[PDB]
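**Student:**
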Amino acid sequence: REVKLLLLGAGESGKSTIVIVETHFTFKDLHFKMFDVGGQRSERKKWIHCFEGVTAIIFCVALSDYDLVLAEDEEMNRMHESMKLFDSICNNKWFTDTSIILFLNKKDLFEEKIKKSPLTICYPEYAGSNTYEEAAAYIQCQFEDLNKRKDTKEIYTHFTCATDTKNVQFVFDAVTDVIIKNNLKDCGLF
Amino acid sequence: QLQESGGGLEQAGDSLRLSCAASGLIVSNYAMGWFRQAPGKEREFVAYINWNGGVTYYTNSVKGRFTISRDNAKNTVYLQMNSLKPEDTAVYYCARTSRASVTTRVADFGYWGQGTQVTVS
Amino acid sequence: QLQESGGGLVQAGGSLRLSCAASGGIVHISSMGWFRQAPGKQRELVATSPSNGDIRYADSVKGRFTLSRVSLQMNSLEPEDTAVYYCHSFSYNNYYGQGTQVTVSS
Amino acid sequence: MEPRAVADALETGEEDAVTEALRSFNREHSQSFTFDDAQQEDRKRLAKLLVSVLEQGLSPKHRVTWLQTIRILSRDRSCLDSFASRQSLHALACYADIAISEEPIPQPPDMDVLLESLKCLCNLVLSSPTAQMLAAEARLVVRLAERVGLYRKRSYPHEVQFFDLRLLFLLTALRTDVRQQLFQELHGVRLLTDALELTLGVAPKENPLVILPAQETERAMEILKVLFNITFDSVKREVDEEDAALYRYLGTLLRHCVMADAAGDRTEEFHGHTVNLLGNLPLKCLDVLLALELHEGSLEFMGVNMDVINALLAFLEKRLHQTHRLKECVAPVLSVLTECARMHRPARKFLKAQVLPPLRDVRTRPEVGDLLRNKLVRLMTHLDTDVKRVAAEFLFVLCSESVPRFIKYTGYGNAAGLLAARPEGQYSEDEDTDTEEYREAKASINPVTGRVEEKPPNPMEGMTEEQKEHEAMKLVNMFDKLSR
Amino acid sequence: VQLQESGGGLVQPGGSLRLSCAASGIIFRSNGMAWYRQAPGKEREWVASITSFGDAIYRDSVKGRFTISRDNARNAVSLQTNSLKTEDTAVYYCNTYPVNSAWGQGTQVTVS
């Protein structure tokens, strides 16, 4: 009945904002989540480490770094390079039936960085439109179909932004900013 | 489909127990409600019940003499009628509600069945 | 929904005919006109028929650009005004369409 | 008439000819979305002549005709850049008796110019930003507020009232400084609550649900829009005792109308506006919703009334089916429901006993079904950061704010709604819920919950260390700022 | 617009009293009345208020001890003061809660 979690994602997505060992929850269940530091523990016998009985992984990929290119001055973009990790996680036989959790950090930057083209270097083939509600859904559908075993395994896609800035929480104010706009848009033509 | 039982004709002042079981190979885990339909009159609302006996709401006519209960162990819901009056002589139906909220005097939800006739002296 | 027919291949004050077909089904259009878009500026008014008085020409060119039911006859042309032409007329709105271009030289 | 003919008549000046021409033109043409170009140049010159004769004192005869012609002109963008001069705006304001000349009291009730000038003001401010920034400097909000305050001592017609309310709504919605000016300097919330009580007075003391007429519903919706635009700022937590009293008063005024219905089909719009205004009220004021005198035949629960809570829950039910503008529809409902459920044990128990009770379902994913629980847990995986967070907080406060009781349904909802600070909520661990499911709680992997499908690991030790090459694949993304 | 109060004062700690307020010259069905408390100083406290309906709102300091009557169709408003403390001695005014019109005369309340 105890669950294991596996934190993934590059350093720019901010996985530390979500909070190589951490087993002291015990909130009626073990709930053991592991950190991720490459090349630390596995030097003792040259036998590396197992410690894999995980039943749910945690993935954190940012969407603002969509116009970046992790490959230093190369054709391979950054979003494709992040999708490579999803492909590797799905193709591995250690997670053929392990649930996948998707996090998209730093959405507030992407929401206003649509000033550039919607397909500059992420999905150059096609794009639904220039809005958030369509481009984000397209990215979500692509990350969904990137999963091989879409029948048995089902992924969980969740979007995240800043929790609290200097003045006002976003989830308590954006609703007002959209209600005012719709209320004024309903009027006119007198 | 739902089946009703425990009706018929009875003299005024007695007590009668209405039964409603789900024998149409359907589960019963939502809210339930009893409704009446007087001949030549529109279908009215008499009782609303939440599962596990959480909440209950009766119309302003039978607030005192009607009681309703539910036992999910047998997938049955009971409506106890005490001291019958010639005002509530009609066929009585039961239905399940897809809405989680309390809705009143509306037949929005289906799964009626057949209904049992209740008449008073 | 609207379409127009008529070409332009004259370089010295010729006579042309341009027709605009009433392809749409809506009635009570009450007006039909033509335009011209120079390759350096936007569209300009040519002539309209408001069907509620007299026909209105344009102060830009006062030539005998005869217009009737529509059909626009370009007399005393002087094609120093080569451009792309369009038809015009008008749940209430107005429509342009597409049109031909005139190549002028000499 | 023809625009060219009217424009040419505008140069002569015959009193018994140009006015008849304007009247015939207004009688003929009086509908929006006119021609494009055959009216562009000539009617642009006509509007220039009209704004020139308007910058001077126009003829007192047929003032309604002049204002009607200018109103019809103000419906095309080609003339909005011409009519949006400070002089023209001040002229249309003083014609509407809403200018800065506050010395002439509203003694002459000449409405024929008032309603037309208000229509022109609305037309200009709704589609001309320069007109907005001009009216914000001319300060038309003060005289409008004074007029709205003088509604009981002087009975104004429905059209003038509604149009000045619409003008105030447009002005407070588009210009930012007008919001603060009407909030602090004009006591906008008090005046608007007064106007709201004034509108909600058709056959007063209607004990059951009161039906609102068309005009009353329109003006109530407009003043509710104005209140929502004016209130959402600087009302987060800390307020004074008198401000809290006024806010509880407004909350009762809105409670007495949420359960009410309107004529026609504007019931849902009115209820949405009420919920939008509820969202702006301070948290500790929302307790005035659950507090109601338990009448006969009312929804009883925990010895207290629950008619308004059940009403807004059914409103959330009926509103969830608008999937397009879902971010503006159900999010305020969820916010107000959370804030009125966090503070009261009866509301908490009511929501826990009417939203997510049924646990003895056939063991399947909770993110499927027709229940409100299934719809909310489906919405938790939405692409809108404003709606998944509020639904997560709703299901959190419903589970008495307990993470082990939050994983009641899924293990990903916690991943969606964790680390969302702005915590002394009411903690309760008294009732325990066990059915035929919780005896099978040993066979329910927590994020997936109760799927009981088990598969073996497939490397078989032949290539586990070789399957680790995916570690070398993933390690390249760990280091962040510098290689070094 | 004419405001007039009646009844008040002459009581010991633990007594009741009905404070009435007659309002004339204005509409009564659409005006939410309120009661104000003028303490012997330089402050003016707010007692309670009611809407066009019987909906009442009491002050946290007078919760469970005061009640407001409406008496519709009868151009007046009442305010019951029961089980008053030694601090409830002040002058009391009545006025419309949304629109604060001109204050009237008021009645003195003494607890001693």
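Protein chains in written order, with the numbering used here: chain A, 1 to 190; chain B, 1001 to 1121; chain C, 2001 to 2106; chain D, 3001 to 3484; chain E, 4001 to 4112. For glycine and all other residues, C-beta sits at the position ideal for the given N, C-alpha and C.
(1) Looking at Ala-3136 (chain D): is its Cβ nearer than 8 Å to the Cβ of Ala-3084 (chain D)?
(2) So, does the CB of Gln-169 (chain A) fall closer than 8 Å to a CB anywhere in chain D?
(3) Which residues share a DSSP beta bridge with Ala-1031 (chain B)?
(4) When you check each C-beta in the region 3443 to 3473 of chain D against every C-beta of chain C, which residues fall closer than 9 Å?
(5) Quick one: list the residues of chain E neighbouring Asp-3194 (chain D), beta-carbon separation under 7 Å, in chain order.
(6) Just curious, the beta strand (DSSP E) that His-158 (chain A) is in, first and last residue?
(7) Which residues in chain D have a C-beta closer than 9 Å to the C-beta of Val-1055 (chain B)? List them in chain order.
(8) Using alpha carbons as the reference points, say which of C:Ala-2083, C:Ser-2015, C:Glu-2078 and C:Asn-2094 lies closest to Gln-2037 (chain C).
(9) Span of the beta strand (DSSP E) holding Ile-3407 (chain D)?
(10) Of all Cβ atoms in chain E, is any one closer than 8 Å to the Cβ of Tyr-3249 (chain D)?
(11) Starting from the C-beta of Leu-3227 (chain D), find all residues in its chain whose C-beta is less than 6 Å away, skip the five residues before and the five after it, and write them out in chain order.
(12) Evaluate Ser-3074 (chain D) with the Cβ neighbour count: other Cβ atoms within 10 Å of its Cβ, from every protein chain shown; 16 or more gives buried, anything less gives exposed.
(13) How should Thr-152 (chain A) be labelled, buried or exposed, when 16 other C-beta atoms within 10 angstroms of its C-beta is the threshold for buried?
(14) Counting beta carbon pairs with one atom in the region 3300 to 3319 of chain D and one in the region 3380 to 3393 of chain D, are three or more of them shorter than 8 Å?
(15) Give every residue of the same chain whose Cβ lies closer than 7 Å to the Cβ of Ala-1107 (chain B), excluding the five residues on either side of it in the sequence, and list them in chain order.
(16) Given a cut-off of 8 Å, decide if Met-2032 (chain C) and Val-2061 (chain C) are closer than it, judged by their beta-carbon atoms.
(17) I'd like the ranges of any beta strand (DSSP E) spanning at least 3 consecutive residues and lying wholly in the region 3085 to 3146 of chain D.
(18) Using the beta-carbon of each residue, which ones in chain A are nearer than 9 Å to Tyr-3412 (chain D)?
(19) Helix, strand or coil: how does DSSP classify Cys-1020 (chain B) here?
(20) At what residues does the alpha helix (DSSP H) containing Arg-3378 (chain D) begin and finish?
(21) Looking at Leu-3115 (chain D) and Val-3189 (chain D), is the spacing between their C-beta atoms short of 8 Å?
(22) Considering just the uninterrupted stretch of the alpha helix (DSSP H) at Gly-3272 (chain D), what are its terminal residues?
(23) Taking the Cβ atom as the reference point for each residue, do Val-1055 (chain B) and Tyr-1092 (chain B) lie within a distance shorter than 8 Å?
(24) Report yes if the C-beta of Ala-127 (chain A) is less than 7 Å from at least one heavy atom of the ligand HEM; otherwise report no.
(25) Just to make sure I have the definition right: I need the residues of chain H whose C-beta is within less than 7 Å of the C-beta of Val-3403 (chain D). Which are they?
(26) Around the Cβ of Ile-2029 (chain C), are there at least 16 other Cβ atoms within 10 angstroms (buried) or fewer (exposed)?
(27) Alpha carbon to alpha carbon, how far is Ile-180 (chain A) from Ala-3262 (chain D)?
(28) Taking the alpha helix (DSSP H) that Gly-3188 (chain D) belongs to, which residues open and close that run?
(29) With distances taken from CA atoms, which of B:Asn-1052, B:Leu-1016, B:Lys-1041 and B:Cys-1094 is nearest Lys-1085 (chain B)?
(30) So what's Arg-3348 (chain D) in DSSP terms, helix, strand or just coil?
(31) List, from N- to C-terminal side, the beta strand (DSSP E) runs of 3 residues or more that fit wholly inside the region 120 to 160 of chain A.
(32) Run down chain D in chain order and give the residues with a C-beta less than 8 Å from the C-beta of residue 222 (chain A).
(33) Under three-state DSSP, which class holds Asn-1052 (chain B)?
(34) Confirm, please, whether the CB-CB distance from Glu-3102 (chain D) to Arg-3143 (chain D) is below 8 Å.
(35) Compute the Euclidean distance between the alpha carbons of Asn-4082 (chain E) and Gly-4054 (chain E), then round it to the nearest angstrom.
(36) Please go through the same chain and pick out, in chain order, the residues whose beta-carbon is closer than 8 Å to the beta-carbon of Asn-4075 (chain E), but skip the five residues on each side of it.
**Tutor:** Taking the structure as given:
(1) Against a cut-off of 8 Å, the Cβ pair of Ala-3084 (chain D) and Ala-3136 (chain D) comes out as no contact.
(2) For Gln-169 (chain A), the nearest beta carbon of chain D is closer than 8 Å to its own beta carbon.
(3) The bridge partners DSSP lists for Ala-1031 (chain B) are B:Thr-1097.
(4) Residues are counted here when their Cβ sits less than 9 Å from a Cβ of chain C; for the region 3443 to 3473 of chain D the count is zero.
(5) At a C-beta separation below 7 Å, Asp-3194 (chain D) has these neighbours in chain E: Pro-4098 and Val-4099.
(6) Residues 155 to 159.
(7) Identification of chain D residues near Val-1055 (chain B) by a Cβ-Cβ cut-off of 9 Å yields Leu-3299, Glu-3300, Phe-3301, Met-3306, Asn-3310, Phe-3350, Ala-3353 and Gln-3354, ordered along the chain.
(8) Minimum Cα distance to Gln-2037 (chain C) is reached at C:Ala-2083.
(9) Where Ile-3407 (chain D) is concerned, there is no enclosing beta strand (DSSP E), given that its DSSP letter is neither H nor E.
(10) For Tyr-3249 (chain D), the answer is yes, since a Cβ of chain E falls inside 8 Å of its Cβ.
(11) Result list for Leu-3227 (chain D): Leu-3192 and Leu-3277, in chain order.
(12) So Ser-3074 (chain D) ends up on the buried side.
(13) Burial state of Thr-152 (chain A) is exposed, judged by a 10 Å Cβ sphere holding fewer than 16 other Cβ atoms.
(14) Touching, no.
(15) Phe-1035 and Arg-1043, listed in sequence order.
(16) It is not a contact, given that the beta carbons lie outside the stated cut-off.
(17) Entirely contained in the region 3085 to 3146 of chain D, not one beta strand (DSSP E) run reaches 3 residues.
(18) The answer, in chain order, is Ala-56, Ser-99, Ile-101, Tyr-156 and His-158.
(19) DSSP places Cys-1020 (chain B) in the strand class (E or B) of the three-state scheme.
(20) Counting along the chain, the alpha helix (DSSP H) containing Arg-3378 (chain D) begins and ends at 3372 to 3379.
(21) Contact flag unset, no.
(22) Where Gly-3272 (chain D) is concerned, the enclosing alpha helix (DSSP H) stretches over 3267 to 3280.
(23) No, they are not a contact pair.
(24) Questions concerning the ligand HEM fall outside what the structure shown contains, since it holds no ligand whatsoever.
(25) Looking for chain H here will not work: the only protein chains present are A, B, C, D and E.
(26) Around the Cβ of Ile-2029 (chain C), a 10 Å sphere holds fewer than 16 other Cβ atoms; the residue is exposed.
(27) Straight through space, the alpha carbons of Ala-3262 (chain D) and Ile-180 (chain A) are spaced by roughly 22 Å.
(28) Here the alpha helix (DSSP H) through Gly-3188 (chain D) covers 3188 to 3199.
(29) Residue B:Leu-1016 is the option with its Cα nearest to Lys-1085 (chain B).
(30) DSSP places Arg-3348 (chain D) in helix when its eight states are reduced to three.
(31) DSSP runs (the beta strand (DSSP E)) wholly in the region 120 to 160 of chain A: 155 to 159.
(32) What is shown of chain A runs 1 to 190, which leaves residue 222 (chain A) out entirely.
(33) Of the three classes helix, strand and coil, the one that applies to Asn-1052 (chain B) here is helix, per DSSP.
(34) Taking 8 Å as the Cβ cut-off, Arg-3143 (chain D) and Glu-3102 (chain D) qualify as a contacting pair.
(35) In this structure, the CA atom of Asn-4082 (chain E) is about 19 Å from the CA atom of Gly-4054 (chain E).
(36) Once the five neighbours on either side are set aside, the close Cβ partners of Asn-4075 (chain E) are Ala-4022, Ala-4023, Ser-4024 and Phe-4028.
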